[PDB]
2 protein chains.
Amino acid sequence: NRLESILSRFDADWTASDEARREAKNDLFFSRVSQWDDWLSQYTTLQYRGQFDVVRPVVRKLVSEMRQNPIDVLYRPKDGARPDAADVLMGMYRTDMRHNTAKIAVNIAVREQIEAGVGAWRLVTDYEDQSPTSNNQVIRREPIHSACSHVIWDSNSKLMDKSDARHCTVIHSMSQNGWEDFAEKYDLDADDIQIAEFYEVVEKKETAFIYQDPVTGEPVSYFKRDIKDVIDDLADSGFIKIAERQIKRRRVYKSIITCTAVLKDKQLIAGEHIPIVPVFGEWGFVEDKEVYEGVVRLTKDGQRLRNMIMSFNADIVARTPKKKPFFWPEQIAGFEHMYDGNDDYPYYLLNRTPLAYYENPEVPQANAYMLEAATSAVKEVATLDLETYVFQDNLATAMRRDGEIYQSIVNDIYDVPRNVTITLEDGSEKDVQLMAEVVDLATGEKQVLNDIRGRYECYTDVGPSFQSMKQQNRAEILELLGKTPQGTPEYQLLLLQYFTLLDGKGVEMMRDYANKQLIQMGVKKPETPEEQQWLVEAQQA
Amino acid sequence: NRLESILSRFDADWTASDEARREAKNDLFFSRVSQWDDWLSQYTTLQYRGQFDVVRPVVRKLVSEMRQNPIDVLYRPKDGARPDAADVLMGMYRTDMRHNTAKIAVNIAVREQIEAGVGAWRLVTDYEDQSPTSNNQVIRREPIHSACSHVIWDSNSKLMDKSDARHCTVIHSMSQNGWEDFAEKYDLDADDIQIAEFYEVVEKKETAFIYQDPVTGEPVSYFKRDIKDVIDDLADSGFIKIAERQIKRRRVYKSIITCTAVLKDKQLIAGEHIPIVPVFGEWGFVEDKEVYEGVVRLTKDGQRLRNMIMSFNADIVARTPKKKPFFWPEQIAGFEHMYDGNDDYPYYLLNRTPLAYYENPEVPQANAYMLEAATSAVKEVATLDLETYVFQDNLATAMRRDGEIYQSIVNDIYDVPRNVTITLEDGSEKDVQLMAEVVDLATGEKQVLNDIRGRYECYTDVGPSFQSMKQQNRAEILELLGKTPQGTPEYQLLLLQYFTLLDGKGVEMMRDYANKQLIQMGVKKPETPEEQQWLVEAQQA
């Protein structure tokens with residue numbers, strides 16, 4: 001009976017999102033296969049069906065604009081978590097998003113966002129460091145291709161993160177080969193080929209009936225049955241009722257079903273949220289129906305008009321310009337070897353009983369402005385900001401959902417003492433241990449160092465990229481150097497700070513000299529004992 | 001029966017990729033042989049089929065624009081490997097990618113990426129230093145020509161690296177002569193001519209059933225049979241079960257088969273991955289079908305329109321402009337020697353019983369904008385960024401796959417103490433020994449120096465080339481020299497650092513003087529004992 005409930009929910013979601021999925025699939029097929037939909041091939045008579053598109057330049061420009069305004073993910077430390085743990089999570093997320101597989105997933109999701117309207121990349125977990133001694137795991141992102149048709153979000157949820165959604169499938173259209181490999185890979189090779197991955201979020205909601213006493217109110221009456229266990233204590237306490245806080249606890253469950261046969265895996269736990277994170281284009285609710293778009297429908301209509309115009313011109317062209325004449329069979333009764341085009345004779349002969357020709361088509365020459373209007377419509381209705389704010393905000397919201405999912409999975413995996421790599425800002429690689437059980441020297445307590453496990457909320461700061469920040473800083477410092485009298489310690493400090501803001505391999509010695517001069521000057525704090533020795537040597541000099 | 005399984009897999013892959021291979025072959029044939037496909041030769045009547053193409057200028061611009069933004073491959077050192085081994089692999093990959101054969105392979109792959117959509121160059125290994133004393137091997141890259149039709153990737157893999165692909169053939173369409181040479185070269189001259197190279201990746205997957213004790217959990221129950229060997233120990237241990245880490249181990253296998261006759265070689269090992277690395281153009285999944293494109297389909301339609309327009313013009317031109325008249329045979333009964341064009345007579349005679357002419361075609365003069373629209377479409381729909389980001393990103397991803405394959409092969413061949421050449425950055429060539437078994441002086445341990453063998457993952461940094469970095473550095477230093485008061489040690493340091501950033505042979509003497517002054521100043525660290533003597537001479541002076 002369980003599979004009947006699963007398929008009822010899946011069919012409800014499918015039929016509810018059918019219209020949006022149809023239009024998105026048509027958009028994707030238009031932007032990747034052929035501009036000439038079947039409707040258009042019915043309403044037309046043109047014989048040279050061509051595709052002189054200007055959509056892909058627009059999509060490329062939009063993707064490039066997004067790529068040039070990178071989005072970072074931060075972490076607010078909550079419930080008294082130390083800022084250093086927040087920094088460690090920021091670094092681990094940065095190094096798990098700079099990994100090339102994650103870049104491929106994000107790029108595919110963005111491209112299908114801009115073209116179709118939905119991209120929906122996915123999170124997944126797997127082991128590293130292949131050896132049975134440990135059980136270390138990492139986080140990589142497998143993209144979901146054509147996510148407008150292979151991901152069926154819960155129709156009921158009404159948030160763009162799809163946070164409220166309590167289930168979302170991932171259809172896989174497998175043939176025989178896909179069948180046996182994706183069957184032997186995980187569960188069993190039991191034959192029944194469209195398989196599914198029905199994610200699920202199960203929750204436990206109660207009342208918890210907080211009660212108050214002279215002392216601070218501890219959790220009492222956690223259930224309704226505990227109330228019936230304290231029928232006397234509820235009346236013997238100082239206060240009878242204060243609040244009805246409905247405590248909630250949730251865990252994500254994953255099941256692999258099939259349409260015909262029974263489900264293959266009943267329930268499995270992986271993380272806390274459903275890993276699939278969707279991106280959407282211009283997304284909103286119209287008459288209580290989810291509708292999402294891209295930058296391909298509008299350019300699609302314009303592009304169909306342009307294709308029609310250019311195909312019409314090509315249809316005019318591909319006719320031999322030589323005139324075809326009209327005359328009676330007895331008008332050339334004998335003289336038929338003259339009119340073949342295989343020879344050119346001085347004069348043309350016609351017997352007893354002057355002729356009319358077949359009118360070739362003429363180019364309207366009014367199609368100049370027509371074509372220009374269509375092409376300009378495609379090239380401006382789509383784009384032109386400095387980045388399409390709606391698409392950038394949508395990507396930011398989806399990346400924040402990705403941050404929440406990644407943080408929860410990190411919280412639930414990074415438990416065992418581990419060694420991880422952290423990409424601090426400015427690409428500075430670093431190595432950090434997670435637990436670092438070392439006992440303090442002057443304190444006497446245990447004081448585990450990092451202890452990533454906690455509770456965190458994600459918030460993204462879209463805007464000035466770090467390299468752009470540094471370039472603007474260098475420009476400002478150079479301007480000040482232009483507008484400051486020389487010799488004064490302010491000028492020397494500004495020049496030294498400009499030195500320390502330079503680039504890498506070429507001027508490394510200048511940057512190192514600047515650091516030495518700053519530290520021995522006393523403005524920049526030392527960070528290593530050699531710098532401390534330099535500082536004391538300069539001071540005592 | 002083995003060959004039947006091989007051919008089943010190969011036929012499945014072939015029929016699954018048939019549509020994409022057909023369209024890519026048509027694209028390549030259009031961009032290298034003749035613009036006039038057979039379809040167009042059916043829908044047309046023009047007699048002068050011409051090719052006034054503007055596709056190849058676009059492809060040339062794109063390839064050059066790639067060439068001006070070179071991609072480097074880096075190496076993250078993992079599992080506690082020293083950074084010096086990482087630097088040695090960095091330089092070794094650089095010197096194996098700067099070799100001319102590798103440049104030919106990469107150039108052919110990129111050219112076929114831009115034209116057709118797939119380039120798929122190939123890794124291969126062979127001996128150097130021909131002498132039986134040793135067995136040293138090197139890595140060179142043999143290009144695969146027309147890779148859209150001679151390489152059939154596994155249909156089931158779903159990554160642009162084709163990393164997931166677990167087999168991939170390489171068809172060779174050989175005639176008799178190719179048959180005997182490619183048969184005697186490796187296996188045997190046993191006659192059966194399309195031969196194949198069926199690469200394969202086999203894996204061993206188990207459960208490994210980690211068990212935990214008071215001490216750290218060592219690898220126990222590596223197999224399921226070892227569990228049945230410890231039926232007592234599993235119950236006598238402190239903990240019964242913690243995790244089920246499915247350890248995996250993979251190794252490549254290569255087999256040379258033929259369609260009709262039996263396979264020639266059953267299995268051979270070469271490296272760890274399948275050497276073939278593909279590049280793709282705009283690549284994505286549409287309705288669960290692999291579709292990849294180039295910059296030739298869109299320009300292809302535009303180019304067909306331009307060809308038709310100019311051929312129409314040329315068909316108008318090639319006619320005698322002399323008018324051909326229409327008149328009865330008895331209208332010139334006697335005077336037939338007048339109308340031949342072989343003479344020019346003063347007057348023209350006509351007997352008893354004024355005439356009509358044959359209308360030559362006229363140039364519509366509306367074709368000006370037609371031709372301009374078609375040509376401009378070809379020249380802008382294709383290109384215009386500063387590099388086509390999708391093509392550059394795909395090349396970067398393929399080069400990262402090349403890095404992984406090269407690193408696996410280097411790890412698996414460079415075991416014996418060898419001597420290699422390293423191309424450090426800025427072309428500074430260097431000779432380095434790999435093992436360098438020298439025992440330490442003040443330590444007392446063995447401490448092999450480089451020991452390339454390890455476990456590295458590749459990551460590419462596409463962007464500013466090193467020469468561009470140096471030119472920008474020189475520009476910045478020159479600007480500071482323009483905006484800094486003279487005499488001060490900062491100005492002198494800037495001038496000397498500008499000196500040390502100059503070019504080669506011409507100004508070597510100033511660069512050497514600058515190094516001497518920097519080292520005697522104490523800013524740049526000495527790198528050789530003569531510089532140390534210079535430093536102490538300057539200091540004690």
# chains A, B, ... in the order shown; residues from 1 in each chain; ligands from 1

$ residues_around --residues "residue 491 in chain B" --least-positions-apart "4" --cutoff "10 Å" --atoms "only C-alpha atoms" --output "list in words"
residues 477, 480, 481, 482, 483, 484, 485, 486, 487, 495, 496 and 497 of chain B

$ write_last_selection --atoms "N, CA, C and O atoms" --output "compact mmCIF listing (two decimals), in the first residue's frame"
# COMPACT_ATOMS: atom_id res chain seq x y z
N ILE B 477 54.73 49.00 -11.74
CA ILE B 477 55.98 49.51 -11.19
C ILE B 477 56.38 50.81 -11.88
O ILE B 477 56.85 51.75 -11.23
N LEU B 480 54.28 53.60 -10.44
CA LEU B 480 54.79 54.03 -9.14
C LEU B 480 56.06 54.86 -9.29
O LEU B 480 56.23 55.87 -8.60
N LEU B 481 56.96 54.45 -10.18
CA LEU B 481 58.14 55.26 -10.45
C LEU B 481 57.75 56.65 -10.92
O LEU B 481 58.44 57.63 -10.61
N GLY B 482 56.65 56.76 -11.66
CA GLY B 482 56.16 58.08 -12.04
C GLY B 482 55.56 58.85 -10.88
O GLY B 482 55.53 60.08 -10.90
N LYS B 483 55.09 58.14 -9.85
CA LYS B 483 54.41 58.80 -8.74
C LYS B 483 55.10 58.57 -7.40
O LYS B 483 54.45 58.22 -6.41
N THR B 484 56.42 58.75 -7.36
CA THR B 484 57.17 58.56 -6.13
C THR B 484 58.34 59.53 -6.11
O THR B 484 59.06 59.64 -7.12
N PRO B 485 58.57 60.26 -5.01
CA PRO B 485 59.73 61.14 -4.95
C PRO B 485 61.03 60.36 -5.03
O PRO B 485 61.13 59.22 -4.56
N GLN B 486 62.04 60.99 -5.63
CA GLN B 486 63.29 60.33 -5.94
C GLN B 486 64.21 60.29 -4.72
O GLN B 486 63.97 60.93 -3.70
N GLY B 487 65.28 59.51 -4.84
CA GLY B 487 66.29 59.43 -3.80
C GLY B 487 65.95 58.47 -2.68
O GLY B 487 66.84 57.78 -2.17
N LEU B 495 62.92 50.95 -8.86
CA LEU B 495 63.70 50.96 -10.10
C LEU B 495 64.43 49.64 -10.30
O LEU B 495 64.44 49.09 -11.41
N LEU B 496 65.04 49.11 -9.25
CA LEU B 496 65.73 47.83 -9.37
C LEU B 496 64.76 46.69 -9.65
O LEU B 496 65.08 45.77 -10.41
N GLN B 497 63.57 46.72 -9.06
CA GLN B 497 62.61 45.66 -9.35
C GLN B 497 62.09 45.78 -10.78
O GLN B 497 61.78 44.77 -11.41

$ closest_atom_pairs --of "chain B" --to "chain A" --cutoff "7 Å" --atoms "only C-alpha atoms" --output "CSV"
residue,atom,partner,partner_atom,distance
B:44,CA,A:318,CA,5.2
B:45,CA,A:319,CA,5.8
B:46,CA,A:320,CA,5.3
B:156,CA,A:178,CA,6.6
B:208,CA,A:132,CA,6.4
B:210,CA,A:132,CA,6.4
B:217,CA,A:133,CA,6.3
B:218,CA,A:133,CA,5.0
B:219,CA,A:133,CA,4.5
B:245,CA,A:135,CA,6.3
B:247,CA,A:130,CA,6.0
B:248,CA,A:130,CA,7.0
B:285,CA,A:145,CA,5.9
B:286,CA,A:146,CA,6.4
B:298,CA,A:52,CA,6.0
B:301,CA,A:50,CA,6.1
B:302,CA,A:52,CA,6.2
B:305,CA,A:314,CA,5.9
B:308,CA,A:318,CA,6.3
B:309,CA,A:317,CA,6.0
B:312,CA,A:317,CA,6.5
B:315,CA,A:321,CA,7.0
B:316,CA,A:321,CA,6.2
B:324,CA,A:347,CA,5.1
B:325,CA,A:347,CA,5.3
B:326,CA,A:348,CA,4.9
B:327,CA,A:349,CA,5.5
B:328,CA,A:350,CA,5.1
B:329,CA,A:349,CA,6.2
B:339,CA,A:346,CA,6.6
B:340,CA,A:346,CA,5.5
B:341,CA,A:346,CA,6.8
B:356,CA,A:354,CA,6.4
B:360,CA,A:322,CA,6.8
B:361,CA,A:322,CA,5.5
B:366,CA,A:365,CA,5.7
B:369,CA,A:368,CA,6.9
B:377,CA,A:52,CA,6.9
B:381,CA,A:54,CA,5.8
B:470,CA,A:506,CA,6.2
B:473,CA,A:506,CA,6.7
B:483,CA,A:482,CA,6.7
B:485,CA,A:486,CA,6.9
B:523,CA,A:513,CA,6.4
B:524,CA,A:509,CA,6.3

$ atom_distance --atom1 "CA of residue 160 in chain A" --atom2 "CA of residue 398 in chain A"
8.0 Å

$ closest_atom_pairs --of "range 10-71 of chain A" --to "range 450-469 of chain A" --cutoff "8 Å" --atoms "only C-alpha atoms" --output "tab-separated table"
residue	atom	partner	partner_atom	distance
A:69	CA	A:465	CA	6.5
A:70	CA	A:465	CA	6.3
A:71	CA	A:462	CA	5.2

$ write_last_selection --atoms "N, CA and C atoms" --output "PDB file, in the first residue's frame"
ATOM      1  N   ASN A  69      30.112  38.200 -11.527  1.00  0.00           N
ATOM      2  CA  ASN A  69      29.646  38.730 -10.245  1.00  0.00           C
ATOM      3  C   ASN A  69      29.443  37.567  -9.283  1.00  0.00           C
ATOM      4  N   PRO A  70      30.529  36.976  -8.794  1.00  0.00           N
ATOM      5  CA  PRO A  70      30.406  35.734  -8.024  1.00  0.00           C
ATOM      6  C   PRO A  70      29.697  35.959  -6.702  1.00  0.00           C
ATOM      7  N   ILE A  71      28.998  34.923  -6.249  1.00  0.00           N
ATOM      8  CA  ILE A  71      28.190  34.972  -5.039  1.00  0.00           C
ATOM      9  C   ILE A  71      28.888  34.176  -3.952  1.00  0.00           C
TER      10      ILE A  71
END

$ closest_residue --among "A:399, A:435, A:449, A:234" --to "residue 83 in chain A" --atoms "only C-alpha atoms"
A:449

$ select_by_dssp --residues "range 73-187 of chain B" --states "helix (DSSP H, G or I)" --output "NGL selection string"
:B and (83-97 or 100-115 or 147-150 or 176-184)

$ select_by_dssp --residues "range 20-201 of chain B" --states "strand (DSSP E)" --output "VMD selection string"
chain B and resid 73 to 77 122 to 127 137 to 142 151 to 153 167 to 170 172 to 173 194 to 195 198 to 201

$ write_last_selection --atoms "N, CA and C atoms" --output "CSV table (one decimal), in the first residue's frame"
chain,number,residue,atom,x,y,z
B,73,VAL,N,47.7,23.8,-15.7
B,73,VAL,CA,47.2,22.7,-14.8
B,73,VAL,C,48.1,22.7,-13.6
B,74,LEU,N,47.4,22.7,-12.4
B,74,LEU,CA,48.1,22.7,-11.1
B,74,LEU,C,47.9,21.3,-10.5
B,75,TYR,N,48.4,21.2,-9.2
B,75,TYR,CA,48.3,19.9,-8.6
B,75,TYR,C,48.2,20.2,-7.1
B,76,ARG,N,47.0,19.9,-6.5
B,76,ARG,CA,46.8,19.9,-5.1
B,76,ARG,C,47.5,18.7,-4.4
B,77,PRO,N,48.4,18.9,-3.5
B,77,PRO,CA,49.1,17.8,-2.9
B,77,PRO,C,48.2,17.2,-1.8
B,122,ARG,N,44.3,12.0,-27.3
B,122,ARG,CA,44.5,10.7,-26.6
B,122,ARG,C,45.9,10.7,-26.0
B,123,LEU,N,46.0,10.2,-24.8
B,123,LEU,CA,47.3,9.9,-24.1
B,123,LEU,C,47.8,8.6,-24.5
B,124,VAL,N,49.1,8.4,-24.6
B,124,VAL,CA,49.8,7.2,-24.9
B,124,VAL,C,51.2,7.2,-24.3
B,125,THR,N,51.8,6.1,-24.0
B,125,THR,CA,53.1,6.0,-23.4
B,125,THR,C,54.0,5.1,-24.3
B,126,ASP,N,55.3,5.5,-24.3
B,126,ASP,CA,56.3,4.7,-25.1
B,126,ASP,C,57.7,5.0,-24.5
B,127,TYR,N,58.6,4.1,-24.9
B,127,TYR,CA,60.0,4.2,-24.3
B,127,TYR,C,60.7,5.4,-24.9
B,137,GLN,N,60.2,5.3,-19.5
B,137,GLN,CA,59.1,5.6,-20.4
B,137,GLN,C,58.7,7.0,-20.2
B,138,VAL,N,58.0,7.6,-21.3
B,138,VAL,CA,57.6,8.9,-21.3
B,138,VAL,C,56.1,8.9,-21.8
B,139,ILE,N,55.5,10.1,-21.8
B,139,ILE,CA,54.1,10.3,-22.1
B,139,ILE,C,54.0,11.3,-23.3
B,140,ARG,N,53.5,10.9,-24.4
B,140,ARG,CA,53.2,11.8,-25.5
B,140,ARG,C,51.7,11.6,-25.9
B,141,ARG,N,51.2,12.6,-26.6
B,141,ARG,CA,49.8,12.6,-26.9
B,141,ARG,C,49.5,12.5,-28.4
B,142,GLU,N,48.9,11.4,-28.8
B,142,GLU,CA,48.6,11.3,-30.2
B,142,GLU,C,47.2,11.7,-30.5
B,151,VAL,N,35.6,7.8,-32.3
B,151,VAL,CA,35.6,7.6,-30.8
B,151,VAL,C,34.1,7.4,-30.4
B,152,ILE,N,33.8,6.3,-29.8
B,152,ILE,CA,32.4,6.1,-29.3
B,152,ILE,C,32.4,5.9,-27.8
B,153,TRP,N,32.2,7.0,-27.1
B,153,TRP,CA,32.2,7.0,-25.7
B,153,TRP,C,31.0,6.2,-25.2
B,167,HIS,N,34.0,2.2,-20.6
B,167,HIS,CA,34.6,1.7,-21.8
B,167,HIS,C,34.4,2.7,-22.9
B,168,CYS,N,35.4,2.7,-23.8
B,168,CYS,CA,35.2,3.6,-25.0
B,168,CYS,C,36.1,3.1,-26.1
B,169,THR,N,35.6,2.8,-27.3
B,169,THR,CA,36.3,2.3,-28.4
B,169,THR,C,37.0,3.4,-29.2
B,170,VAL,N,37.9,2.9,-30.1
B,170,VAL,CA,38.5,3.8,-31.0
B,170,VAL,C,38.6,3.1,-32.4
B,172,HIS,N,39.3,2.2,-36.2
B,172,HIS,CA,40.3,2.5,-37.2
B,172,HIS,C,39.8,1.9,-38.5
B,173,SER,N,39.5,2.7,-39.4
B,173,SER,CA,39.0,2.2,-40.7
B,173,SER,C,40.3,2.0,-41.6
B,194,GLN,N,37.9,-2.7,-40.5
B,194,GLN,CA,37.7,-1.8,-39.4
B,194,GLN,C,38.1,-2.5,-38.1
B,195,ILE,N,39.2,-2.1,-37.6
B,195,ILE,CA,39.7,-2.7,-36.3
B,195,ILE,C,39.3,-1.7,-35.2
B,198,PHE,N,39.2,-1.4,-27.8
B,198,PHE,CA,38.2,-1.3,-26.8
B,198,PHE,C,38.8,-1.2,-25.4
B,199,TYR,N,38.9,0.1,-25.0
B,199,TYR,CA,39.4,0.3,-23.6
B,199,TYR,C,38.3,-0.1,-22.6
B,200,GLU,N,38.7,-0.3,-21.4
B,200,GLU,CA,37.8,-0.8,-20.4
B,200,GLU,C,38.3,-0.4,-19.0
B,201,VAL,N,37.4,-0.2,-18.1
B,201,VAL,CA,37.7,0.1,-16.7
B,201,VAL,C,37.0,-0.8,-15.8

$ atom_distance --atom1 "CA of residue 114 in chain B" --atom2 "CA of residue 148 in chain B"
12.1 Å
